[PDB]
Amino acid sequence: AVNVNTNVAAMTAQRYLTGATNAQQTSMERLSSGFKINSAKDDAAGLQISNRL
Amino acid sequence: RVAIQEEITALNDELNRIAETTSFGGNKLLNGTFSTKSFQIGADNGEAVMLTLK
């Protein structure tokens, strides 16, 4: 059906666009900082062992 | 001979300090408390190799 009040194609495209933008931000932050663990949300056990090391 | 024994005892205490203080993030290695620890190298469970530190 061709309807004007809804766009599921646009909704899906937005969902993957934000998924790609969030991954883009994460990689940019790892490149500038030089660390792959900038927060516990990256890898918690790695943050604790790396902090103790 | 006593003078040489002084450096023997200093070095012997040096070995015990190395054994008791060497660690990997607080995990003592050389004092014998490490014993045997298995390292999981594999994409599925049950594939690990036993490293023994004495």
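Residues numbered from 1 in each chain as written, not as in the entry; some residues may be left out. Chains lettered and ligands numbered in written order. Part of a larger assembly, values for the part shown. Heavy atoms only, no water.

Regarding how it was determined, this PDB entry cites cryo-EM in its header, along with a resolution of 2.92 Å.

Caption draft 1: A look at the overall build of chain A. Check the secondary structure of chain A and you find two helices and zero strands. By the compact-globule yardstick of 10 Å for 53 residues, chain A is too spread out, its C-alpha radius of gyration being 18 Å. Along the longest, intermediate and shortest principal axes, the C-alpha atoms of chain A span 60 × 20 × 10 Å. Each of the 53 residues in chain A was classed as buried or not, and the buried ones make up 2%. Surface accessibility of chain A: about 4,700 Å² in total, with carbon and sulfur atoms responsible for 56%. (Helix = DSSP H or I, 4+ residues; strand = E, 2+ residues; numbered from the N terminus. Rg over C-alpha atoms; globule rule 2.2 N^0.38 Å. Buried < 20%, exposed > 50% of the residue type's maximum accessible area, 1.4 Å probe, protein only. Areas by Shrake-Rupley, 256 points an atom, 1.4 Å probe, with all protein chains shown as cover.)

Caption draft 2: View of the overall build of chain B. Counting its regular elements, chain B contains one helix and four strands. The secondary structure elements of chain B, listed N-terminal to C-terminal, are α-β-β-β-β. In summary, chain B has a C-alpha radius of gyration of 18 Å against a globular reference of 10 Å for 54 residues, an excess of more than 25%. Across chain B, contacts joining residues at least 24 apart in sequence account for 5% of those joining residues at least 6 apart. Looking at charge distribution, chain B has the averaged site of its 5 positive side-chain charges lying 3 Å from that of its 7 negative ones. (Contact = heavy atoms within 4.5 Å. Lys, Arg positive; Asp, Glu negative; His and termini not counted. Charge placed at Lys NZ, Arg CZ, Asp CG, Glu CD.)

Caption draft 3: Local environment of the packing of aromatic side chains. Applying the stated criterion across every chain, the model contains zero aromatic pairs over all chains. Over the ring of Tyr16(A) we find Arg15(A), and its NZ or CZ is 4.3 Å from the ring centre. Above the ring of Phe34(B), the side-chain terminus of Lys37(B) is found at 4.5 Å from the ring centroid. (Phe/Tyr/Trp six-rings, centres within 6.5 Å; stacked < 30°, edge-to-face > 60°. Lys NZ or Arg CZ within 6 Å of the ring centre and 35° of its normal.)

Caption draft 4: Representation of unusual backbone geometry within the structure. Unusually for a residue other than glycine, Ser35(B) sits at a positive phi of about 60°. Positionally, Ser35(B) belongs in strand β3 (residues 35-40).

Caption draft 5: Broad picture of helix α1 (residues 8-33) of chain A. Between its terminal C-alpha atoms α1(A) stretches 38 Å, which fits the 38 Å expected from 26 residues at 1.5 Å a residue. Backbone geometry just downstream of α1(A) places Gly34(A) in the positive-phi region, at approximately 85°. (Expected span 1.5 Å × (residues − 1).)

Caption draft 6: Just the pattern of salt bridges, in detail. On inspection of all chains with the given rule, the structure shows two salt bridges over all chains. The partner of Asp42(A) in a salt bridge is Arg30(A), with the nearest N and O atoms 3.8 Å apart. Remark: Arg30(A) occurs in helix α1 and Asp42(A) occurs in the loop between α1 and α2 (44-52); sequence separation between them is 12 residues. Looking at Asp42(A), the relative accessible area reads 31%, which means it is partly exposed. Across the salt bridge formed by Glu14(B) and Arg17(B), the nearest N and O atoms sit 3.0 Å from each other. Highlighted residues: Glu14(B) and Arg17(B), both in helix α1 (residues 2-21), separated by three residues, approximately one helical turn. (Salt bridge = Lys/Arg side-chain N within 4 Å of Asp/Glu carboxyl O.)

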